[PDB]
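Quick notes on the structure that follows.
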Amino acid sequence: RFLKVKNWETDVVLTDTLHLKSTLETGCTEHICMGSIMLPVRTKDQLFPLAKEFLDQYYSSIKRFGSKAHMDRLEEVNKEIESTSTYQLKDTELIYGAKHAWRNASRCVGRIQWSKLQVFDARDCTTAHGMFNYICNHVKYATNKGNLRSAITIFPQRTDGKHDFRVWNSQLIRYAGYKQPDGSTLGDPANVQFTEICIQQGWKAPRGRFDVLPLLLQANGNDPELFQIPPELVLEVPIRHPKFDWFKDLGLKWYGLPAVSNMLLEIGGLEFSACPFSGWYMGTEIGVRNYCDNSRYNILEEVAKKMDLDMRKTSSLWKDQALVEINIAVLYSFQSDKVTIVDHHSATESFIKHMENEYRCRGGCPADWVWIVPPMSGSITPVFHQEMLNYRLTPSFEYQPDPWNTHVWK
Amino acid sequence: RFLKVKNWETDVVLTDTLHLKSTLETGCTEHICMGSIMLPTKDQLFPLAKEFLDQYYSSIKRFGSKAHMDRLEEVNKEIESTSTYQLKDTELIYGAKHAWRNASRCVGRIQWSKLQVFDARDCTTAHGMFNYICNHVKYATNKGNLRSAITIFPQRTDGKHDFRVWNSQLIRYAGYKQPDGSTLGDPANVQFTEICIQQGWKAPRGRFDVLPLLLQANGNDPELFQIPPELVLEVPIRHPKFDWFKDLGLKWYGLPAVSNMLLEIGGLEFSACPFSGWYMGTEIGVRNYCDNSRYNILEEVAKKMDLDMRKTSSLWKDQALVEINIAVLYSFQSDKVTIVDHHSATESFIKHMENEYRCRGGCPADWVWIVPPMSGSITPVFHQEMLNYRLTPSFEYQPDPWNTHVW
Ligand code: HEM
Ligand code: HEM
Ligand SMILES: N=C(NCCC[C@H](N)C(=O)N[C@H]1CN[C@H](C(N)=O)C1)N[N+](=O)[O-]
Ligand SMILES: N=C(NCCC[C@H](N)C(=O)N[C@H]1CN[C@H](C(N)=O)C1)N[N+](=O)[O-]
Ligand SMILES: C[C@H](O)[C@H](O)[C@H]1CNc2nc(N)[nH]c(=O)c2N1
Ligand SMILES: C[C@H](O)[C@H](O)[C@H]1CNc2nc(N)[nH]c(=O)c2N1
Ligand SMILES: OC[C@@H](O)[C@@H](O)[C@H](O)[C@H](O)CO
Ligand SMILES: OC[C@@H](O)[C@@H](O)[C@H](O)[C@H](O)CO
Ligand SMILES: [Zn+2]
């Protein structure tokens with residue numbers, strides 16, 4: 001079956017065949033679309049075919065499909081699974097797997113960069129202190145004094161489900177959130193629950209508006225442990241505006257390294273529950289969502305006032321005007337401090353070129369329109385006008401329940 | 001089987017049972033989502049009519065009554081004998097209002113129950129259609145205090161006597177491709193504009209020329225008509241601070257009136273059913289003016305604001321976008337012509353969704369279309385999960401008549 005996708009601005013029509021290799025389900029049915037829904041131990045039995053599928057893909061990618069090396073590896077893995085109920089990936093396969101999980105992430109607009117991921121193999125790690133060291137090296141490498149480099153650190157895979165490695169933080173670097181007795185929130189509201197857990201575990205919170213959270217690390221299914229990331233390794237950017245000298249006085253700043261640490265990486269049926277990865281920010285993530293979401297820092301009002309905009313009625317679009325200035329501020333500040341960042345126009349333009357390239361060389365590019373289109377100026381970016389097909393390919397990055405809800409305390 | 005929808009900004013969760021009544025296909029499968037794709041017999045007829053009449057009698061609190069049963073049998077006998085049937089005026093009104101209620105891509109459905117329905121099923125000619133249409137335009141415009149309305153022409157019979165309004169909207173601007181290779185006017189209408197020119201129309205070759213109606217009655221060839229200029233209300237666009245804005249020479253019409261969709265009620269198909277409400281600001285300022293394939297005026301406006309257009313990161317396109325939209329809203333409001341900004345419209349839709357979930361068990365909604373084309377996340381709908389499914393009565397897309405008409 002062939003599926004056509006059209007861009008309503010350029011009339012370019014693309015054909016998708018990659019979807020035929022989609023295995024996982026989407027949540028939608030022939031009767032209902034769940035496209036805007038945020039979240040819609042294996043058996044030896046259900047494992048070898050997953051391993052075979054992956055290895056076939058891997059060997060085909062290196063032009064050795066059907067080779068003796070390819071056949072020996074399948075036999076080696078099969079015997080290993082039958083013998084130990086699981087199997088170990090070769091370094092090369094792990095690298096290929098991680099890169100493809102990114103290439104297959106339908107909600108990621110930065111995929112033009114997929115082949116350039118630096119993979120850190122942390123499968124020999126056994127303790128939380130060991131995890132801390134690996135993570136510190138990841139942050140220092142990735143940050144690279146502001147010239148950000150994409151990277152992923154992969155800890156030991158799941159075995160029986162009772163010895164999982166987990167990074168309890170949602171991102172390696174985030175600001176604490178504190179709920180005050182009067183119901184207001186100091187800091188980032190998105191992290192109040194995790195902050196309370198950190199405090200309960202012993203963290204002495206400075207209780208400020210931008211306190212970098214400590215790492216809460218779980219190794220081999222044991223209870224998590226707290227670690228403070230060396231401040232000197234945490235690069236931050238004070239936010240100021242090119243024309244508004246009062247902007248800096250808002251006291252805003254943000255960390256330069258976005259590093260998702262709560263997702264699960266699936267490769268050949270194997271599950272890596274601790275696999276922190278990082279790239280670099282698209283400006284709107286900070287300027288639109290982190291600062292302007294009503295449930296986050298929510299700064300639109302204070303910014304609107306200082307600009308003396310007509311806030312008596314929404315039709316003056318005072319929110320929209322302030323929103324633009326704040327995003328100009330984030331981009332300008334990062335660029336001024338020589339810290340990598342990409343604006344939404346550049347990022348979406350690159351994604352379209354990446355997407356067309358993928359259709360040509362791969363036969364498709366699964367993409368989630370709801371997530372790909374930026375949270376501001378949607379239609380003046382090319383992705384708004386691009387029809388996309390969303391499906392799930394493996395290897396992949398998946399959501400997993402927050403650890404505090406499943407962990408068995410010892 | 002009982003799906004739940006959550007708003008990630010307010011944490012409010014709503015349960016959806018209404019989707020269990022859906023019949024039509026979405027285009028998606030368990031393996032692939034097509035949520036962003038723009039266009040994904042007597043035996044057939046009675047069940048459709050029955051499904052509809054049941055919902056109708058249920059709405060009037062007389063489900064299972066003799067009247068309900070009588071009507072059901074009357075229609076049943078009518079289909080067996082006439083191969084079709086006629087809706088009672090009450091059923092027609094209820095049907096059109098519900099096709100609007102069920103339009104998953106419409107953000108203004110909080111207004112659904114107030115629709116004015118014009119029954120034009122007694123129309124027989126294109127001149128009669130022109131007359132009904134002028135009356136709709138005048139009624140809906142109401143000197144600037146717009147009122148929602150729909151005019152329903154005769155239903156499909158054998159497919160060879162279909163009534164059709166060839167225009168995409170009752171009111172639009174023409175588009176002509178110039179020698180320069182460029183396009184004068186609205187590029188979206190270039191093809192229709194030529195079918196008119198070629199049909200007889202005399203284009204002023206201007207940037208904003210109100211197109212003529214191309215009306216098709218009973219399957220005959222369509223005919224042209226000029227909507228009384230005095231009935232076409234337009235708004236000159238000026239900025240409340242940039243006095244140079246008016247020099248761009250921009251204007252837009254006050255009445256948005258989709259005229260190419262198909263209204264399906266109880267199995268019956270109404271191929272000519274123009275409807276209208278009023279504009280959401282972004283429709284004109286963001287899409288009509290700034291889309292690259294439309295009037296594409298971002299550069300011109302950026303130049304007049306003297307913004308650094310050297311790098312994308314200065315966000316000049318974004319700043320210009322906001323100004324163009326403030327202008328559109330300011331102009332419509334200054335001229336007392338109804339219009340709604342995206343903040344107000346989305347806030348109303350959230351209220352509507354809640355009303356619908358508690359009084360109907362749900363509300364089909366297409367997030368890709370409901371979220372405004374600018375400032376997405378600062379509008380509440382962005383943070384609102386939505387379930388999309390098809391319910392009848394409904395408004396459907398249909399092939400352009402010129403690719404199907406036999407002259
Ligand atoms: C190099 C620059 C990169 C940019 C600019 C980029 C940009 C983005 C943005 C804007 C999002 C949406 C974030 C949100 O709204 O929460 C996203 C999501 C995502 N990206 Fe990328 N990304 C980059 C690198 C990476 C890397 C290194 C990986 C993995 C190796 C990755 C995997 C994903 C995944 C799985 C998601 C979805 C996460 C979720 O569902 O919450 N990205 N990316
Ligand atoms: C009174 C205020 C109304 C407002 C503010 C409103 C607003 C909207 C908007 C913004 C869209 C998207 C338009 C586009 O992007 O092309 C839309 C689509 C739609 N509306 Fe409404 N609407 C209103 C009244 C109506 C009425 C009176 C009906 C029917 C009787 C209706 C039926 C629909 C349908 C079927 C669509 C999708 C059409 C398509 O697929 O192109 N709307 N509406
Ligand atoms: N650019 C990113 N972005 C993703 C991380 C930052 C993102 N702005 C964020 O806060 N994501 C969280 C909150 N919402 C997502 C969710 N699923 O709830 C995860 N990563 N990268 O690898 O370069
Ligand atoms: N507000 C509207 N809007 C719908 C019509 C105006 C809209 N701005 C428009 O241009 N729609 C066209 C172009 N894209 C849609 C499509 N299906 O391609 C139809 N209608 N109403 O009844 O109040
Ligand atoms: C309900 C809706 O799915 C939700 O708000 C989505 C929409 N699009 C998004 N897009 C991105 N990039 N990130 C998000 O967190 C979201 N949230
Ligand atoms: C490809 C994509 O479906 C297309 O650009 C859609 C997106 N959302 C939209 N939303 C509205 N309201 N109107 C449109 O015309 C579109 N176009
Ligand atoms: O404060 C805890 C939250 O950050 C956490 O529950 C997130 O919602 C989750 O990790 C998804 O990012
Ligand atoms: O120029 C004719 C176009 O307006 C026409 O083909 C539309 O795209 C069609 O009616 C869908 O709205
Ligand atoms: Zn879907």
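Residues in the structure tokens are numbered from 1 in each chain, the chains being A, B, ... in the order shown, and ligands are numbered from 1 in the order shown.
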
Could you go through stretch 6-165 of chain B and tell me which residues DSSP, when run on the backbone, assigns to alpha helix (DSSP H), listing them as a ChimeraX atom specification? /B:42-59,66-82,89-101,126-141

Counting only C-alpha atoms, give me one row per residue of chain A with an atom at most 7 Å from an atom of chain B, showing the shortest contact pair and its distance in Å to one decimal, sorted by chain then residue number, as a Markdown table.
| residue | atom | partner | partner_atom | distance |
| --- | --- | --- | --- | --- |
| A:9 | CA | B:293 | CA | 5.8 |
| A:22 | CA | B:31 | CA | 6.6 |
| A:24 | CA | B:31 | CA | 6.8 |
| A:25 | CA | B:31 | CA | 5.1 |
| A:26 | CA | B:30 | CA | 5.3 |
| A:27 | CA | B:30 | CA | 6.0 |
| A:28 | CA | B:30 | CA | 5.3 |
| A:29 | CA | B:29 | CA | 4.6 |
| A:30 | CA | B:29 | CA | 4.9 |
| A:31 | CA | B:25 | CA | 5.1 |
| A:32 | CA | B:389 | CA | 5.0 |
| A:33 | CA | B:388 | CA | 5.1 |
| A:34 | CA | B:387 | CA | 5.7 |
| A:35 | CA | B:35 | CA | 5.8 |
| A:36 | CA | B:385 | CA | 5.5 |
| A:37 | CA | B:385 | CA | 5.3 |
| A:293 | CA | B:378 | CA | 6.7 |
| A:295 | CA | B:9 | CA | 6.1 |
| A:314 | CA | B:343 | CA | 6.5 |
| A:315 | CA | B:341 | CA | 5.7 |
| A:316 | CA | B:326 | CA | 6.2 |
| A:317 | CA | B:326 | CA | 6.5 |
| A:320 | CA | B:375 | CA | 6.4 |
| A:321 | CA | B:322 | CA | 6.4 |
| A:324 | CA | B:319 | CA | 6.4 |
| A:328 | CA | B:314 | CA | 6.2 |
| A:331 | CA | B:313 | CA | 6.6 |
| A:343 | CA | B:313 | CA | 5.6 |
| A:345 | CA | B:312 | CA | 6.4 |
| A:346 | CA | B:312 | CA | 7.0 |
| A:369 | CA | B:36 | CA | 6.3 |
| A:370 | CA | B:368 | CA | 6.6 |
| A:375 | CA | B:376 | CA | 4.9 |
| A:376 | CA | B:375 | CA | 4.1 |
| A:377 | CA | B:374 | CA | 4.1 |
| A:378 | CA | B:373 | CA | 5.0 |
| A:379 | CA | B:373 | CA | 5.0 |
| A:380 | CA | B:291 | CA | 6.7 |
| A:387 | CA | B:37 | CA | 5.2 |
| A:388 | CA | B:36 | CA | 5.9 |
| A:389 | CA | B:34 | CA | 5.7 |
| A:390 | CA | B:33 | CA | 5.1 |
| A:391 | CA | B:32 | CA | 5.0 |

Check which residues fall inside 6 Å of ligand 4 when counting only C-alpha atoms and all ligand atoms, and print them as a ChimeraX atom specification. /B:256-258,275-279,283

How many Å lie between atom 10 (C, counted along the ligand's line) of ligand 1 and atom CA of residue A:145, rounded to one decimal?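 Computing it gives 21.5 Å between the two atoms.
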
Can you tell me, as a PDB file with N, CA and C atoms, in the first residue's frame, what residues are no more than 12 Å from residue A:1 when counting only C-alpha atoms, ignoring any on the same chain fewer than 2 positions away?
ATOM      1  N   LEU A   3       0.884   5.512   0.476  1.00  0.00           N
ATOM      2  CA  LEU A   3       0.117   6.603   1.068  1.00  0.00           C
ATOM      3  C   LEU A   3       0.709   7.938   0.654  1.00  0.00           C
ATOM      4  N   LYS A   4      -0.133   8.813   0.123  1.00  0.00           N
ATOM      5  CA  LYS A   4       0.307  10.123  -0.332  1.00  0.00           C
ATOM      6  C   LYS A   4       0.173  11.211   0.734  1.00  0.00           C
ATOM      7  N   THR A  15       5.267  10.215  -1.307  1.00  0.00           N
ATOM      8  CA  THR A  15       4.666   8.890  -1.169  1.00  0.00           C
ATOM      9  C   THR A  15       5.324   8.088  -0.052  1.00  0.00           C
ATOM     10  N   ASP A  16       4.514   7.559   0.852  1.00  0.00           N
ATOM     11  CA  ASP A  16       5.043   6.809   1.979  1.00  0.00           C
ATOM     12  C   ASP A  16       4.848   5.297   1.889  1.00  0.00           C
ATOM     13  N   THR A  17       5.940   4.556   2.029  1.00  0.00           N
ATOM     14  CA  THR A  17       5.890   3.095   2.021  1.00  0.00           C
ATOM     15  C   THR A  17       6.461   2.589   3.342  1.00  0.00           C
ATOM     16  N   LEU A  18       7.180   3.463   4.038  1.00  0.00           N
ATOM     17  CA  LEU A  18       7.794   3.108   5.314  1.00  0.00           C
ATOM     18  C   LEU A  18       6.762   2.615   6.335  1.00  0.00           C
ATOM     19  N   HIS A  19       5.560   3.191   6.316  1.00  0.00           N
ATOM     20  CA  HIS A  19       4.519   2.812   7.270  1.00  0.00           C
ATOM     21  C   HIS A  19       4.197   1.309   7.271  1.00  0.00           C
ATOM     22  N   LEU A  20       4.514   0.624   6.173  1.00  0.00           N
ATOM     23  CA  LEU A  20       4.253  -0.811   6.070  1.00  0.00           C
ATOM     24  C   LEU A  20       5.046  -1.569   7.129  1.00  0.00           C
ATOM     25  N   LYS A  21       6.137  -0.969   7.595  1.00  0.00           N
ATOM     26  CA  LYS A  21       6.967  -1.606   8.603  1.00  0.00           C
ATOM     27  C   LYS A  21       6.607  -1.182  10.017  1.00  0.00           C
TER      28      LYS A  21
END

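Taking only C-alpha atoms and all ligand atoms into account, the residues that come within 7 Å of ligand 3 are residues 258, 259, 260, 277, 278, 279, 280, 281, 282, 285 and 286 of chain A.
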
Save the residues we just selected, N, CA, C and O atoms, as a PDB file, in the first residue's frame?
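To be explicit, this is the file written out as result_20.pdb:
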ATOM      1  N   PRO A 258      19.087  20.997  27.291  1.00  0.00           N
ATOM      2  CA  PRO A 258      17.824  20.271  27.466  1.00  0.00           C
ATOM      3  C   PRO A 258      18.207  18.785  27.459  1.00  0.00           C
ATOM      4  O   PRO A 258      18.782  18.301  26.474  1.00  0.00           O
ATOM      5  N   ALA A 259      17.911  18.063  28.538  1.00  0.00           N
ATOM      6  CA  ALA A 259      18.298  16.661  28.610  1.00  0.00           C
ATOM      7  C   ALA A 259      17.261  15.692  29.191  1.00  0.00           C
ATOM      8  O   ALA A 259      17.285  15.359  30.391  1.00  0.00           O
ATOM      9  N   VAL A 260      16.353  15.236  28.337  1.00  0.00           N
ATOM     10  CA  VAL A 260      15.305  14.292  28.746  1.00  0.00           C
ATOM     11  C   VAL A 260      15.921  13.046  29.364  1.00  0.00           C
ATOM     12  O   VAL A 260      16.780  12.405  28.766  1.00  0.00           O
ATOM     13  N   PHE A 277      19.279  11.673  27.154  1.00  0.00           N
ATOM     14  CA  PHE A 277      19.787  12.199  25.889  1.00  0.00           C
ATOM     15  C   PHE A 277      19.626  13.727  25.861  1.00  0.00           C
ATOM     16  O   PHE A 277      18.796  14.286  26.577  1.00  0.00           O
ATOM     17  N   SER A 278      20.436  14.390  25.047  1.00  0.00           N
ATOM     18  CA  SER A 278      20.391  15.847  24.916  1.00  0.00           C
ATOM     19  C   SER A 278      20.814  16.321  23.535  1.00  0.00           C
ATOM     20  O   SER A 278      21.566  15.645  22.841  1.00  0.00           O
ATOM     21  N   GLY A 279      20.290  17.481  23.151  1.00  0.00           N
ATOM     22  CA  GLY A 279      20.602  18.104  21.879  1.00  0.00           C
ATOM     23  C   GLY A 279      20.800  19.582  22.199  1.00  0.00           C
ATOM     24  O   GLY A 279      21.796  19.949  22.804  1.00  0.00           O
ATOM     25  N   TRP A 280      19.854  20.418  21.784  1.00  0.00           N
ATOM     26  CA  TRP A 280      19.876  21.846  22.089  1.00  0.00           C
ATOM     27  C   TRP A 280      18.465  22.386  21.901  1.00  0.00           C
ATOM     28  O   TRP A 280      17.634  21.792  21.220  1.00  0.00           O
ATOM     29  N   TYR A 281      18.195  23.523  22.523  1.00  0.00           N
ATOM     30  CA  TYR A 281      16.857  24.097  22.480  1.00  0.00           C
ATOM     31  C   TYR A 281      16.407  24.800  21.230  1.00  0.00           C
ATOM     32  O   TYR A 281      17.210  25.420  20.520  1.00  0.00           O
ATOM     33  N   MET A 282      15.108  24.704  20.975  1.00  0.00           N
ATOM     34  CA  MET A 282      14.486  25.490  19.921  1.00  0.00           C
ATOM     35  C   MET A 282      13.941  26.594  20.840  1.00  0.00           C
ATOM     36  O   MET A 282      13.375  26.292  21.908  1.00  0.00           O
ATOM     37  N   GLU A 285      10.590  26.601  23.046  1.00  0.00           N
ATOM     38  CA  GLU A 285      10.444  25.699  24.184  1.00  0.00           C
ATOM     39  C   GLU A 285      10.561  26.513  25.480  1.00  0.00           C
ATOM     40  O   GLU A 285       9.843  26.274  26.444  1.00  0.00           O
ATOM     41  N   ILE A 286      11.482  27.471  25.479  1.00  0.00           N
ATOM     42  CA  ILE A 286      11.715  28.323  26.634  1.00  0.00           C
ATOM     43  C   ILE A 286      10.816  29.572  26.619  1.00  0.00           C
ATOM     44  O   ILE A 286      10.091  29.847  27.577  1.00  0.00           O
TER      45      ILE A 286
END

Give me, as an MDAnalysis selection string, the set of residues whose atoms come within 8 Å of any atom of ligand 7, counting only C-alpha atoms and all ligand atoms. chainID A and resid 168:171 177 189:195 262 402

With 6 Å as the cut-off and only C-alpha atoms and all ligand atoms counted, what is the closest atom pair between each nearby residue of chain A and ligand 6? Distances in Å to one decimal, ordered by chain and number, as a tab-separated table.
residue	atom	partner	partner_atom_place_in_ligand_line	distance
A:384	CA	ligand 6	5 (O)	4.8
A:385	CA	ligand 6	5 (O)	3.4
A:386	CA	ligand 6	1 (C)	4.3
A:387	CA	ligand 6	1 (C)	3.8

Protein and nucleic residues near ligand 8, 6 Å, only C-alpha atoms and all ligand atoms, as a short mmCIF file (atom, residue, chain, number, x, y, z; two decimals) with C-alpha atoms, in the first residue's frame:
data_model
loop_
_atom_site.label_atom_id
_atom_site.label_comp_id
_atom_site.auth_asym_id
_atom_site.auth_seq_id
_atom_site.Cartn_x
_atom_site.Cartn_y
_atom_site.Cartn_z
CA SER B 168 -16.09 28.20 -2.64
CA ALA B 188 -6.42 30.68 -4.14
CA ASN B 189 -9.13 31.61 -6.65
CA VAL B 190 -7.11 31.77 -9.87
CA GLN B 191 -8.79 28.70 -11.39
CA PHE B 192 -12.36 29.65 -10.48
CA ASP B 400 -15.59 20.76 -7.39
#

Distance of atom CA of residue B:239 from atom CA of residue A:310, expressed in Å to one decimal place: 14.6 Å

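Between atom CA of residue A:136 and atom 29 (C, counted along the ligand's line) of ligand 1 there is a distance of 17.9 Å.
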
7 Å from ligand 2 is the threshold here; counting only C-alpha atoms and all ligand atoms, which polymer residues fall inside it? Answer as a ChimeraX atom specification. /B:96-97,100,103,105-109,111,115,148-150,275-280,283,340,345,369,395

Mind writing the picked residues with N, CA, C and O atoms as a short mmCIF file (atom, residue, chain, number, x, y, z; two decimals), in the first residue's frame?
data_model
loop_
_atom_site.label_atom_id
_atom_site.label_comp_id
_atom_site.auth_asym_id
_atom_site.auth_seq_id
_atom_site.Cartn_x
_atom_site.Cartn_y
_atom_site.Cartn_z
N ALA B 96 -29.89 20.73 10.21
CA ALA B 96 -28.86 21.72 9.89
C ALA B 96 -28.15 22.19 11.15
O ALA B 96 -26.92 22.33 11.18
N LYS B 97 -28.92 22.45 12.20
CA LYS B 97 -28.30 22.90 13.43
C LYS B 97 -27.34 21.85 13.95
O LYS B 97 -26.27 22.18 14.45
N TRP B 100 -23.97 21.45 12.18
CA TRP B 100 -23.05 22.47 12.69
C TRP B 100 -22.54 21.99 14.04
O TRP B 100 -21.34 22.02 14.31
N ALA B 103 -19.73 19.59 13.51
CA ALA B 103 -18.56 19.98 12.71
C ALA B 103 -17.30 20.05 13.58
O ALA B 103 -17.00 21.08 14.19
N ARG B 105 -14.25 20.54 13.02
CA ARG B 105 -13.24 21.53 12.69
C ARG B 105 -13.68 22.97 12.99
O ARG B 105 -12.92 23.89 12.73
N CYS B 106 -14.88 23.16 13.54
CA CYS B 106 -15.38 24.52 13.81
C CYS B 106 -15.19 24.93 15.27
O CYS B 106 -15.70 24.26 16.15
N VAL B 107 -14.49 26.04 15.51
CA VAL B 107 -14.25 26.51 16.87
C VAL B 107 -15.41 27.37 17.40
O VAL B 107 -15.45 27.68 18.59
N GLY B 108 -16.34 27.76 16.54
CA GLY B 108 -17.42 28.61 17.01
C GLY B 108 -18.75 27.94 17.28
O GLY B 108 -19.79 28.60 17.25
N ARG B 109 -18.72 26.64 17.56
CA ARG B 109 -19.95 25.89 17.77
C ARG B 109 -20.76 26.22 19.02
O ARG B 109 -21.85 25.69 19.21
N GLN B 111 -22.21 28.65 19.33
CA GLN B 111 -23.32 29.37 18.71
C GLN B 111 -24.28 28.46 17.93
O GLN B 111 -25.27 28.94 17.35
N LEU B 115 -28.68 29.12 14.89
CA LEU B 115 -28.72 29.18 13.42
C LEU B 115 -30.07 29.53 12.77
O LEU B 115 -31.08 28.92 13.07
N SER B 148 -25.76 34.24 12.18
CA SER B 148 -25.50 32.97 11.50
C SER B 148 -26.73 32.50 10.73
O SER B 148 -27.86 32.66 11.19
N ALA B 149 -26.50 31.93 9.55
CA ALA B 149 -27.58 31.45 8.71
C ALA B 149 -27.10 30.41 7.70
O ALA B 149 -25.90 30.29 7.43
N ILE B 150 -28.06 29.66 7.17
CA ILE B 150 -27.79 28.67 6.13
C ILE B 150 -29.00 28.69 5.20
O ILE B 150 -30.13 28.91 5.65
N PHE B 275 -23.67 28.44 4.08
CA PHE B 275 -23.87 28.85 5.47
C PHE B 275 -22.87 29.93 5.83
O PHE B 275 -21.83 30.07 5.18
N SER B 276 -23.18 30.70 6.87
CA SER B 276 -22.31 31.77 7.28
C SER B 276 -22.50 32.13 8.74
O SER B 276 -23.59 31.92 9.29
N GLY B 277 -21.43 32.64 9.34
CA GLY B 277 -21.42 33.09 10.73
C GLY B 277 -20.66 34.40 10.71
O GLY B 277 -21.13 35.38 10.14
N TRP B 278 -19.49 34.44 11.34
CA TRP B 278 -18.64 35.63 11.31
C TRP B 278 -17.20 35.17 11.47
O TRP B 278 -16.93 34.05 11.92
N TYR B 279 -16.27 36.05 11.13
CA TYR B 279 -14.84 35.72 11.17
C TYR B 279 -14.14 35.66 12.50
O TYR B 279 -14.53 36.34 13.44
N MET B 280 -13.10 34.83 12.56
CA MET B 280 -12.25 34.81 13.75
C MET B 280 -11.09 35.61 13.16
O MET B 280 -10.68 35.36 12.02
N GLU B 283 -8.20 34.24 10.80
CA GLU B 283 -8.55 33.74 9.47
C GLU B 283 -8.08 34.71 8.39
O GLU B 283 -7.55 34.30 7.36
N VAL B 340 -14.32 38.05 15.85
CA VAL B 340 -13.88 37.58 17.16
C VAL B 340 -12.38 37.25 17.14
O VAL B 340 -11.88 36.67 16.17
N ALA B 345 -12.51 33.45 21.08
CA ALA B 345 -13.14 32.32 20.40
C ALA B 345 -12.75 30.97 21.01
O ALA B 345 -13.61 30.09 21.16
N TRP B 369 -7.24 21.68 13.50
CA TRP B 369 -8.01 22.81 12.98
C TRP B 369 -8.49 23.78 14.05
O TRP B 369 -8.63 24.98 13.78
N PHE B 395 -21.62 18.14 7.64
CA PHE B 395 -21.18 18.92 6.50
C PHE B 395 -20.00 18.12 5.96
O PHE B 395 -19.09 17.76 6.71
#

Within 9 Å of residue A:55, counting only C-alpha atoms, which residues show up once you throw out same-chain ones fewer than 5 positions away? Write them as a VMD selection string, please. chain A and resid 50 60 70 73 to 74 93 268

Mind dumping the selected residues with N, CA and C atoms as a PDB file, in the first residue's frame?
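Output contents, as saved in result-v5.pdb:
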ATOM      1  N   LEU A  50      11.672 -10.082  17.877  1.00  0.00           N
ATOM      2  CA  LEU A  50      11.979  -8.657  18.016  1.00  0.00           C
ATOM      3  C   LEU A  50      13.469  -8.449  17.789  1.00  0.00           C
ATOM      4  N   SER A  60      21.114  -5.017   7.199  1.00  0.00           N
ATOM      5  CA  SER A  60      20.748  -4.463   5.914  1.00  0.00           C
ATOM      6  C   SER A  60      21.337  -3.055   5.815  1.00  0.00           C
ATOM      7  N   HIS A  70      25.978 -12.000   9.433  1.00  0.00           N
ATOM      8  CA  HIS A  70      24.579 -11.762   9.764  1.00  0.00           C
ATOM      9  C   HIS A  70      23.942 -13.048  10.300  1.00  0.00           C
ATOM     10  N   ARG A  73      25.421 -14.088  13.782  1.00  0.00           N
ATOM     11  CA  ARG A  73      24.906 -13.214  14.830  1.00  0.00           C
ATOM     12  C   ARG A  73      23.494 -13.619  15.266  1.00  0.00           C
ATOM     13  N   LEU A  74      22.631 -13.952  14.308  1.00  0.00           N
ATOM     14  CA  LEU A  74      21.273 -14.385  14.642  1.00  0.00           C
ATOM     15  C   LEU A  74      21.317 -15.674  15.461  1.00  0.00           C
ATOM     16  N   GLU A  93      25.744  -2.204  17.333  1.00  0.00           N
ATOM     17  CA  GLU A  93      24.292  -2.325  17.264  1.00  0.00           C
ATOM     18  C   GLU A  93      23.617  -1.332  18.199  1.00  0.00           C
ATOM     19  N   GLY A 268      15.661  -3.790  19.661  1.00  0.00           N
ATOM     20  CA  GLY A 268      15.629  -5.235  19.501  1.00  0.00           C
ATOM     21  C   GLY A 268      14.923  -5.990  20.609  1.00  0.00           C
TER      22      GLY A 268
END

Contact residues around residue A:329 with only C-alpha atoms at 8 Å, ignoring same-chain residues under 5 positions, as number ranges by chain: A: 239-242

With only C-alpha atoms and all ligand atoms counted, collect every polymer residue having an atom within 9 Å of ligand 1; state the result as a ChimeraX atom specification. /A:38-39,98-114,116-119,148-152,258-260,263,276-285,289,341-344,347,371-372,374-375,396-399

Residue A:302 environment, 10 Å, only C-alpha atoms, sequence neighbours closer than 4 positions dropped, as a PDB file with C-alpha atoms, in the first residue's frame:
ATOM      1  CA  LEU A 250      12.742  40.521  35.306  1.00  0.00           C
ATOM      2  CA  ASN A 298       3.538  32.533  33.534  1.00  0.00           C
ATOM      3  CA  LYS A 306       6.342  46.877  31.407  1.00  0.00           C
ATOM      4  CA  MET A 307       5.619  47.276  27.687  1.00  0.00           C
ATOM      5  CA  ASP A 308       2.547  49.284  28.679  1.00  0.00           C
ATOM      6  CA  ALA A 322       4.505  40.321  24.642  1.00  0.00           C
TER       7      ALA A 322
END

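The smallest atom-to-atom distance between ligand 9 and any of A:186, A:40, A:353, A:120, using only C-alpha atoms and all ligand atoms, is found for A:40.
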
Hey, what does DSSP flag as strand (DSSP E or B) within stretch 69-306 of chain A? Can you give it to me as JSON, numbers by chain? {"A": [118, 119, 120, 121, 151, 152, 153, 154, 166, 167, 171, 175, 177, 178, 179, 185, 186, 187, 212, 215, 216, 217, 218, 225, 226, 227, 236, 237, 238, 253, 254, 255, 260, 264, 265, 266, 267, 270, 271, 272, 277, 278, 282]}
